[PDB]
There are 4 protein chains.
Amino acid sequence: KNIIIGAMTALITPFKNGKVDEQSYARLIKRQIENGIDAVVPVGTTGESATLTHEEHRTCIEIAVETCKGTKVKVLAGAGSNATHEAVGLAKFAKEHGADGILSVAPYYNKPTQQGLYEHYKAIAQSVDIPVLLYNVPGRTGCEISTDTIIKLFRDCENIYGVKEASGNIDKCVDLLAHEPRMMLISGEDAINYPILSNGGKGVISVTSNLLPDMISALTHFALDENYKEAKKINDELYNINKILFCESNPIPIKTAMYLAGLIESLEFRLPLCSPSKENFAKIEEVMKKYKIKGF
Amino acid sequence: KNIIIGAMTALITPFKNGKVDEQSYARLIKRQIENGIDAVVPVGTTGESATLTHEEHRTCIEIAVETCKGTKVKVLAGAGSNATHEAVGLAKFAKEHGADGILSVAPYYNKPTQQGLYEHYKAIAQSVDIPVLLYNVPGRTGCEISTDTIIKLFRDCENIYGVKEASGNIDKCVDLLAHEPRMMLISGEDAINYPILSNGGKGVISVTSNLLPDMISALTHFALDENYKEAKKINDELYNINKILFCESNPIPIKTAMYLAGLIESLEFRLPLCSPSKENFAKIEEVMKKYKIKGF
Amino acid sequence: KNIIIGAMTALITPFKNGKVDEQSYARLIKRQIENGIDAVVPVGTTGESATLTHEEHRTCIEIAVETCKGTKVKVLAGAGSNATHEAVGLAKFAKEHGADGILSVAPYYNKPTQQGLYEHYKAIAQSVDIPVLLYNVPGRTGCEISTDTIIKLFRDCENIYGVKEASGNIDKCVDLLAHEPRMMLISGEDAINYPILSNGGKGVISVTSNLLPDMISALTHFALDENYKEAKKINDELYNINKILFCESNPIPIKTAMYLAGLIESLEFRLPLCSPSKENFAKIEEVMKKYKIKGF
Amino acid sequence: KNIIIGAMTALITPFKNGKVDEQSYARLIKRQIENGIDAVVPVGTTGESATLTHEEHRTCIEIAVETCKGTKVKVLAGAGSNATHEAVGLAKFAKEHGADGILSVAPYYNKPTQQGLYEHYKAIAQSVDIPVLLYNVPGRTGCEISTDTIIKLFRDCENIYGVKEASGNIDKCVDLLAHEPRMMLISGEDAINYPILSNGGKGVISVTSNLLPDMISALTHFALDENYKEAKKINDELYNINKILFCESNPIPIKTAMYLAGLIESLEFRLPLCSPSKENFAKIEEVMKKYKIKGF
Ligand SMILES: N[C@@H](CCCC[NH3+])C(=O)O
Ligand SMILES: N[C@@H](CCCC[NH3+])C(=O)O
Ligand SMILES: N[C@@H](CCCC[NH3+])C(=O)O
Ligand SMILES: N[C@@H](CCCC[NH3+])C(=O)O
Ligand SMILES: [Mg+2]
Ligand SMILES: [Mg+2]
Ligand SMILES: [Mg+2]
Ligand SMILES: [Mg+2]
Ligand SMILES: [Mg+2]
Ligand SMILES: [Mg+2]
């Protein structure tokens, strides 16, 4: 199986005057490459995939591909949709335009059954010849890819190689790797990066790495090298920021933090996402001063 | 305030050969008209809004508007989206093409904050001059429109006149109508249609009415006439079908029931939606036998 | 079946110097009688059954029976336990000492299966010949008496005549009375007393009635007389106090309110229950100011 | 601080003719001693704490103490109660009768606030001078001891040295050990023993160890020696049995397994607990075949 593992970042999508700041987007990606990151995920949940047009979605995939060219950093392009024809369209674009693989979030809002999720992902996996990483985040989609469905998709489709798990369910992560230890389990929840990696997980898709890419890189690589003491220490070190980055719905805190660190020009979202409250704004500012944030 | 209340149907969207069966859609709508319905909701959750293109979405709004011409039946067009610019575009389309009002689902997947939900809906309400009904279904979206937010939107925007509640939270329906008795509370959960109407609710947006439009019509109108004994009697008879129509994710059962009743030619969904299991297929078939289903 | 319905109060148990204030207990019950209450529930959840000894538990049943003799007020004695031999002992004591019936909470902590719940209650019901009311409050017991189990127990044992439902599940309340309309559904959740009564519920076991017995009785009797407009009016008026009485875990707010009204000597609980926070103390004090509180 | 860590067993309580089989209790304890166990927990949740009288509860503590003398196996006596005067009484008994420490479950049913839980445990901790391990199991108690409360209790009371977590919340386990790394975090959830130990947890109080004490012992020790690859392998091997032992409410499956293994004479159980369903009886039987079960 072909895979994409290691320390990965769910890139924020900077806006300026309501448009994707394409120069700042590329700038942020090269900052990730320079700080030990193994792969970048354009237009995931953290990249405000919901409010980008299909054209902007595609633009941000191409920028990631262009900026990572000439390096060892892979591109795992966000390609999910709650409509299978929409997800297939995104997957074929990412293949044809040079992405190393795709991330595909479980369909949100329309709650497909497990049988529907299987056919959804099998159509996607058969749409391309590049690795496909499932992405389960039931708190946002309203659905769960059961362990049995994940395992069936891994075993039945050649290019489905693992799942990015954002469920806060360490039992499921044991369940997955005890019954199918060949899969690539990916942490989609920063606070429990170390526990998931300690159990055989092979990488992270991080929100915190937007702000602290070097710390997430070191954590992941220590862990993959089985230096569990140093991986755990950084994970414990990062707990406060890992949780404060979810005082409000992601990516509202991380974009506030990137703005507070001077890494993006304007604290702009697309509705219905918005600025945080002034209280959470101050709480984000207060957790940040305790960490050293790399610039460009 | 202008309002759209009474017995309403979240229309299934019949497809045929992967395309919207526009002839069957029109037939099904007039079947609702023939059976006492006060309103139709094109392309809600039950109409598989997620898997229709923006074109198809717009086509189904126009067909509903066209089919209701010459009758009292209003069109409450599904116009929700998790992207505010998409929701405004759909709202403006529904206004310009003759819809009587719009339904606007709470943004799914990206779970905006309460402040974000407020600004999301205020942009929608100010984009048009026709009534807007909020739609809260936290089980599918991942977010909740709090009671205060609903009440603030009702009081701050002229055309926001109520909410379609699909939360199974009779506490919240008391909260809403106790603090703002002028709002139009709409039941979005068939099994508890009568309790919501019993507490001052002014209508339903029904899944069951697709199959039994006459019974949901009678139930709602009895309740509005304060014949609570008869409204409860119908609510109690329909419990079995009201619940089995959610054996699997709506609209998989209701489309299965319509197919088994010979009301749609094809048992068609768009992926990631699918046929139900054979066991649930038979369980739907067996609940139907205790109800008399109207034809065309 | 013999039944105990109407407006009922889950009596607080006042303490003085760590002991049951037996004189205040009788005074409070007599005050309930004077304000239209149909039955009182000694030593329910609101009566701190967990922290009373078995003899103090038995003393409060005896006072309730004695204080209610010669009046309209029935005694529905709390007799539940998570140990069946304990629940049987309490039930037989209540029978032997003149209680008109018993309430019996679903076993807490040890989460018995549905078959265990049937055998638990069948043992209780066969131990006595007085009415037995089930009590479902899963947020505190960790288990739920399923709808099928309640109905089976209602149909298989003569003296099991209904359930006190404190689950916030109006769907379940429709489920119960649609399949078994002969049972006595009792509201155990003050905020939604009216919706439960509107659907055929036949009484309440109220926490709020400790403070405002006149309003809760009147609400119940309006509803039972099918004056749904006045029943709903009181339910809506009472929402703020009904909810503020759960800012902290019942019976901490109601005892705070009773103390604030000059209805009990001191604000004493038994550990692990404690006085509320300074915030919730002031919030309770101020919601009370909007209601008229009856004296002795 | 004095501590009790390592591999520990929540002992089942065998019954015979409705009575505690005290000879079987001693044999079962000695089987644990001979299979690498570091501690035994008499009358925990798995010991049917709820349905034992206070006298039998005390009998089983003394049997555990007597059987472990002359060995290194410590006794961590179950001493919890939802009444503080009851919990203090048990703690004083265990201290006076030679127990090495006490486990004390969070109060069930009566849902104390965080302030009450603090005072509940502080009263317990000051009643004795032997180690006290908190026990958080919100699925059974209806309350949770927050991370802040646990940390306050550990730092403020000398003999409170850790917590047995049965919450399925690996985030909370990172939270606990990142902010207070001196505490002894103990796994109370067999399926995720290794992840909790992987993050700095220092032991388990296991249900599976009743049946497979050697494997749970080996896992624990490997993990404590930071041999995570052998600990994880055992944890993965044990997953199927670790979950099947909760197909029904613990301790119904483990007692079924012990009976099927010929380690107890009768499948007793004290109401409201009951023998499992026929199917689940067969499912547990089946799962057992994949493990080598030690005799006496
Ligand atoms: N708002 C829609 C369309 C997104 C367009 C491309 N990401 C969705 O969330 O699926
Ligand atoms: N699948 C996308 C686009 C749907 C467009 C028409 N409803 C969504 O669910 O938001
Ligand atoms: N605290 C124990 C004993 C209560 C005995 C009198 N209510 C329990 O809640 O079961
Ligand atoms: N069944 C009651 C009494 C048990 C007392 C002895 N453990 C309870 O669990 O609280
Ligand atoms: Mg290395
Ligand atoms: Mg989030
Ligand atoms: Mg198409
Ligand atoms: Mg909509
Ligand atoms: Mg347990
Ligand atoms: Mg060693």
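Chain B residue numbers are taken from Swiss-Prot; in order, the displayed residues are 3-298.
Per deposition record, X-ray crystallography, 2.3 Å.
Backbone N, Cα and C atoms are what each Cβ position is placed from, and that goes for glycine too.
According to Swiss-Prot, the active site, proton donor/acceptor annotation covers B:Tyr137, on the basis of sequence analysis. As annotated by Swiss-Prot, active site, schiff-base intermediate with substrate applies to B:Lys166, with the evidence given as sequence analysis. According to Swiss-Prot, the feature pyruvate binding site maps to B:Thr48, B:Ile207, an assignment based on sequence analysis. Annotated site 'Part of a proton relay during catalysis' per Swiss-Prot: B:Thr47, B:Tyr111, in sequence order, evidence recorded as sequence analysis.
A map of Swiss-Prot features onto the structure.
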{"residue": "B:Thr47", "record": "site 'Part of a proton relay during catalysis'", "Cβ within 10 Å": "29"}
{"residue": "B:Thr48", "record": "pyruvate binding site", "Cβ within 10 Å": "24"}
{"residue": "B:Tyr111", "record": "site 'Part of a proton relay during catalysis'", "Cβ within 10 Å": "23"}
{"residue": "B:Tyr137", "record": "active site, proton donor/acceptor", "Cβ within 10 Å": "26"}
{"residue": "B:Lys166", "record": "active site, schiff-base intermediate with substrate", "Cβ within 10 Å": "27"}
{"residue": "B:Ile207", "record": "pyruvate binding site", "Cβ within 10 Å": "30"}
B:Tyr111 (site 'Part of a proton relay during catalysis') and B:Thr48 (pyruvate binding site), distance between Cα atoms, whole Å: 18
Against chain A, in sequence order - recorded positions B:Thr48, B:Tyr111, B:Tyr137, B:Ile207 with Cβ under 8 Å: B:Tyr111
Rounded Cα-Cα span from B:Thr47 (site 'Part of a proton relay during catalysis') to B:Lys166 (active site, schiff-base intermediate with substrate), Å: 12
Separation of alpha carbons, B:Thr47 (site 'Part of a proton relay during catalysis') and B:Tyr111 (site 'Part of a proton relay during catalysis') (Å): 14
B:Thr47 (site 'Part of a proton relay during catalysis') and B:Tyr137 (active site, proton donor/acceptor), distance between Cα atoms, whole Å: 10
Whole-number Å value for how far B:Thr47 (site 'Part of a proton relay during catalysis') lies from B:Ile207 (pyruvate binding site) (Cα to Cα): 11
